[PDB]
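Have a look at the structure below, then the notes.
By convention here, the first residue in the shown sequence is residue 1. Side chains included, hydrogens not; waters and symmetry mates left out as well; all remaining heavy atoms used.
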Amino acid sequence: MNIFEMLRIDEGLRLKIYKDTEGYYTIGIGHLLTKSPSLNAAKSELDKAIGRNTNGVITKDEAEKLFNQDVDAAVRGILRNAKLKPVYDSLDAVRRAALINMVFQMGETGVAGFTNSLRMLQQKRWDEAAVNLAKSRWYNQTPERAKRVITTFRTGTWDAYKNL
């Protein structure tokens, strides 16, 4: 398993504009288009994103190309972030995938806010950190996905995804 397969499981793949769990306009593999309520604002961001008149529908290839960029941007974001970088550097390869997953979902800013959890991860207190991460809107809102990510941090294995 790898970050790509992992995220592909957590986000799914949709070739037509859809609303995400928060009610926002999304397409492909969890690619947020706009927080705006206008389907029209969404289609416009979409076309700009793809470079063609999509009319709200994209191909598998287009979806994947957006996905590749988003993963790259997630990694680079962590590497540039002063709160995130040190945690990332401290982690083994599987857990690193878990931090990338959070960042792809909630943005750099969002994850950087999990101050206490970040400190625990850095200190390698797995169980403690898993408990702290669960005390969040994040866990409350998307508990199935949050549980898979948390288990990944707790065990350092891909068990939670081997199921799926």
Between side-chain atoms of residues 115-122 and protein atoms elsewhere (two or more places apart, or another chain), which donor-acceptor pairs fall under 3.5 Å?
residue : atom : partner : partner atom : Å
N116    : OD1  : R119    : NH1          : 2.9
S117    : OG   : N132    : OD1          : 2.4

Please report the shortest heavy-atom distance between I27 and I17, naming the atom on each side. CD1-N, 3.5 Å
For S90 against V87, the heavy-atom pair lying closest together: OG-O, 2.8 Å
Does [X] have any side chain to side chain contact (heavy atoms under 4.5 Å, CB included) partners at least two apart in sequence or in another chain, and if so, which?
| X | result |
| --- | --- |
| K65 | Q69 |
| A41 | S36, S38 |
| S44 | none |
| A130 | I150, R154 |

My understanding is that only one of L39, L66, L46 makes a side-chain contact (heavy atoms from CB on, under 4.5 Å) with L33; could you say which? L46
Scan for ring-ring contact (aromatic ring centres under 6.0 Å, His included) pairs involving residues 2-28, sequence neighbours excluded, and state none if there are none. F4-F67
Scan residues 141-164 for pairs that pass ring-ring contact (aromatic ring centres under 6.0 Å, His included), counting only residues two or more places apart or in two chains. none
When rounded to the nearest 0.5 angstrom, what is the spacing between [atom1] in [X] and [atom2] in [Y]?
| X | Y | atom1 | atom2 | result |
| --- | --- | --- | --- | --- |
| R96 | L91 | CZ | CG | 7.0 Å |
| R8 | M6 | CZ | CE | 14.5 Å |
| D159 | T152 | CG | OG1 | 8.5 Å |
| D10 | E5 | CG | CD | 12.0 Å |
| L13 | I29 | CG | CD1 | 5.0 Å |

Assess whether atom CG of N68 is packed by more than 12 heavy atoms of other residues, nucleotides or ligands within 6.0 Å. yes
Would you say that more than 12 heavy atoms from the other residues, nucleotides or ligands in this model lie under 6.0 Å from the CZ of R52, or not? yes
Taking a hydrophobic cluster as the set of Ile, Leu, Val, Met, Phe, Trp and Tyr residues connected by side-chain heavy atoms closer than 4.5 Å, whether directly or through intermediates, do [X] and [Y] fall within one such cluster?
| X | Y | result |
| --- | --- | --- |
| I100 | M1 | yes |
| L32 | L15 | no |
| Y139 | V131 | no |

Not counting sequence neighbours, which residues clear salt bridge (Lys or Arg N to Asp or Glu O under 4.0 Å) with [X]? List them please.
| X | result |
| --- | --- |
| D92 | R95 |
| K48 | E45 |
| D89 | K85 |

Sort and list the pairs that fulfil salt bridge (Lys or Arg N to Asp or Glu O under 4.0 Å) and have at least one residue in residues 14-43, not counting sequence neighbours. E22-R137
Please report the C-alpha distance between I50 and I58 in whole Å, then the side-chain angles of each, then the deciding distance to 0.1 Å, and finally whether the side-chain contact (heavy atoms from CB on, under 4.5 Å) criterion is met. CA-CA 8 Å; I50 294 307; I58 67 168; 4.1 Å; yes
Do any N or O atoms from the side chain of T151 and from the backbone of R148 form a donor-acceptor pair under 3.5 angstrom? no
Kindly list each side-chain donor-acceptor pair under 3.5 angstrom involving residues 104-111, sequence neighbours excluded, with atom names and distances?
residue : atom : partner : partner atom : Å
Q105    : OE1  : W138    : NE1          : 2.8
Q105    : OE1  : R145    : NE           : 3.3
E108    : OE2  : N81     : ND2          : 2.5

